[PDB]
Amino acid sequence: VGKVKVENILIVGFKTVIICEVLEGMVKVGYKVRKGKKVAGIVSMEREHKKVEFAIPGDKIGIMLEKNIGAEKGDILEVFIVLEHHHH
């Protein structure tokens, strides 16, 4: 299971941003992040303050979620893959 480590929570005007380090696996817009019994989807991601689609172990990213899940500095959050049946 993918994992990210929370470094900080930012409040940027109308946005709540989780700054985290990718520890394991791939992390992609559309995947879910879980803390305890709270799960939310990733709506958007930034790396180096530039909008990105996915991130890999070693990346420091900012993520915005569909809803807040109580993320705090030091939390190791699990990342759930969400299948995208595009019918290619």
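Don't overthink the numbering: it's just position in the shown sequence, from 1.
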Next on the checklist: Quick check on the record: does 42-50 or 57-65 carry the larger mean Cα temperature factor?
Outcome noted: 42-50
Checklist entry - Hey, which bit's got the bigger mean C-alpha B factor in the entry, 15-23 or 70-78? => result 70-78
Next on the checklist: How does the C-alpha B factor of residue 32 compare with the rest of the chain: lowest, middle or highest third?
Outcome noted: middle
Checklist entry - residue 3: which third of its chain by C-alpha temperature factor? => result lowest
